[PDB]
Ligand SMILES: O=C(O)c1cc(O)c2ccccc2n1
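The form deposited without the ligand is given below as one chain in structure tokens.
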């Protein structure tokens, strides 16, 4: 029969809906139209030769350890090499424990699982990483959005909302942030605001989740200090991944924080799934332990830097008065802001008609209260197409301002 399965779905499943951002992504797929809506790394940055060497190495040196089931916590040597690497590169204390994941999505799912009760308050930036919203929504948290400026989260507004909540006899459970080359804003929290965030964390007693997928993709400026590096009380849970630094295909990430928190995270992961593909973990271990990572990073930076510069140059020359955009020091995105009255969601129609696409920023807001923004990607498209893409977008904006 295959009748209305609706009768079987749970309440939390009946409300579920397809991801809108994906509905248009596939819509632009297989088309000659210049798409700046994607969020994928460029396959050209994949260390294929190095991957090939590691694969051969594995099948002759660690075949059984890469093919057999592993412990839920993750491949031991990968966990050790990572902590050594994070310590000797970011200054993260060894006092923290570590667990391997499949990336931020899963890591956030576990966090929302171990920390979120229906109605708990979660602080998120505005805009914020769409994936995080997807992961936490299942736990029905109460969202509080903190706007960003050219220097990341405006922590002063956070203190304001924290005092406001306290007056209501309430508190925040978790503060989730992507402080470096944010998706989608492409902005970076300055050092003073990071410390400021940690001071609020102890004063209001909440946990900070620092999602850092793009940190190594720095094209200019000086490396920033990780919020986890400034962690003294162990209130920060740091999330990392090899997705943008190796290849998405393997899907291996990590979570670093208080050993007492990792403990419950592990137990929760035991019910979600046995363990991440061990094969991928062994590949990642060799990638870092073999020093290939340190050698490849500068190579990825060289490839993306000119693409970012090409897009910033094109914007500054083709965009009309009123249009503003962030200027990231790294990452994969540029956040554009149009004059009030303009709805990027509705302008997408006229935009694609001119041969250019992007992601309306509205999807990146928890409460969706901003409609004049949009995310642009400069890593998947070629520099020559970037100039022409930004141009078509510039005309799209100029026209919708008149008629």
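Numbering follows the first chain given and starts at 1. Only residues modelled in both forms are compared. Take the two forms, superpose them, and find the largest set of C-alpha atoms that agree within 1.5 Å; that set is the rigid core.
Separately, the form deposited with the ligand bound exists; it is not shown, and the next lines address it.
- Pocket accessibility after superposing the ligand in the entry with it bound (3+ atoms within 2.4 Å of backbone/C-beta): In the entry with it bound, the ligand occupies a site that, on this form, turns out blocked once the ligand is superposed onto it.
- Message: Since only the chain is shown here, I'm wondering whether residue 394 would be in contact with the ligand in the entry with it bound (any heavy atom pair within 4.5 Å).
- Response: Residue 394 lies outside the contact set for the ligand.
- Query: Using 4.5 Å between non-hydrogen atoms, is residue 134 touching the ligand in the entry with it bound?
  - Reply: The answer is yes: residue 134 has a heavy atom within 4.5 Å of the ligand.
- Verify the contact flag for residue 262: yes if a non-hydrogen atom of it lies within 4.5 Å of a non-hydrogen atom of the ligand in the entry with it bound, no if not. Outside the cut-off, so no.
- Item | 4.5 Å heavy atom contact, residue 11 to the ligand in the entry with it bound | Flag for residue 11 set to no.
- Query: 334-342, 46-54, 361-369, 59-67: which one contacts the ligand in the entry with it bound at 4.5 Å, heavy atom to heavy atom?
  - Reply: Selected stretch: 361-369.
- Heavy atom within 4.5 Å of the ligand in the entry with it bound: which of 116, 130, 319, 201 fits that? Just give me the one. The residue from 116, 130, 319, 201 that makes the contact is 130.
- Which residues, if any, of 297-326 lie within 4.5 Å of the ligand in the entry with it bound when only heavy atoms count? Counting only heavy atoms within 4.5 Å of the ligand in the entry with it bound, no residue of 297-326 makes contact.
- Would you mind telling me which residue of 395, 388, 20, 382 shifts its Cα by 2 Å or more between this form and the one not shown when the core is superposed? It is 20; the other listed residues stay below 2 Å.
- Message: At 2 Å or more of Cα shift, core superposed, where are the runs of at least three residues that differ between this form and the one not shown?
- Response: Only this run moves by 2 Å or more: 19-22.
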